[PDB]
């Protein structure tokens, strides 16, 4: 089946991914395209297999966080457009042009220098650019009518750059008060009809995320950027309760019990600090997962795992590579039983939203901090591979 030295692993279900994409294609306008976002190692799911699969079932472009995340995808064989969403240093202009990665930019002075660099180095390829406008997120991008017009001018004079898009980003589209999201929208559509009254023609316009596409599908324009909804999770509990789109979660996490024993011999202290003392006939089972894997130390004396269809609790402090759980008085368990940490087993479930509520964070962070020393296995059409 699954043969490992240290027995812990992840399963990603690609039949779920393809379903999530169908649901979204069917909600937004027929005219708009889809940009699959696979940065941070596919939100901790694996970037190569998910993008391969998303391009064959509805998406047409991809988005990452850095030039290095994009080069990984070109090396796997992918030929689609790749856009970089953060800031790229001028010292990577020649390399971005060589691998044909699309860059974000928003300053007059960055534009001219990236043009002279490619002018001296012979030429070869032209570097493609998307312009970022800041309408209220306050992170990256240009902020006035007058400033934007200067950038479009410096870009149109540049013979080695090529203009293929313009976008914005909503900071509160997952919240039930829609005031600030409509603010950003008017600011944006106004900036670009100013451009029009100058006789300037526009490329691809994108602005929606998962929450915007579900909640305001009339903002879809040319393209949307689908991220968290690709992996089967909702942006907020608010957006889930709307009940407009049904998604299925793709990831789960599993291990195998490594040792079982009865605590009838003194002393009966468990794990560091001796914060837990067992009873003479309690059964303690040891498991191969720790906080260096991403299972938070905050969960000691507090969390659950699923064994044989039931929740059993964590006993003592979490350690770097191992946790102990209590099977109770006279137990019932054997070396090699399968244990579910996130996901489903028989009747029961422990979901990623539940763990994130317990730790006062969001599902976004619970998945994308799963270590890479854990091996990932993919399910497609019922069968397993890697």
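Between two forms, the rigid core is the largest collection of C-alphas that superpose within 1.5 Å. Positions refer to the first chain, counted from 1.
Choosing between 282-290 and 73-81, the greater Cα displacement from the shown form in 6 other deposited structures of this protein, fitted by the core, goes with 282-290.
The stretch that strays farther, by root mean square C-alpha distance over structures and residues in 6 other deposited structures of this protein after a rigid core fit, is 326-334, when 57-65 is set against 326-334. The PDB entry records a higher mean C-alpha B factor for 151-159 than for its counterpart among 151-159 and 220-228. If you average the C-alpha B-factors over 235-243 and over 116-124, the higher value belongs to 116-124. Taking the deposited Cα B-factors for 277, 289, 73, 101, the highest one is held by 277.
Across the residues 141, 86, 199, 294, the deposited record lists the maximum Cα B factor for 199. In the deposited entry, the Cα temperature factor of residue 263 places it in the highest third of its chain's modelled residues. In the deposited entry, the Cα temperature factor of residue 5 sits in the bottom third of values across the chain's modelled residues.
Residue 61 sits in the lowest third of its chain by CA B factor, as recorded in the PDB entry. Compared with the other modelled residues of the chain, the Cα B-factor recorded for residue 91 ranks in the lowest third. Ranked by C-alpha B-factor against the other modelled residues of its chain, residue 329 falls in the highest third.
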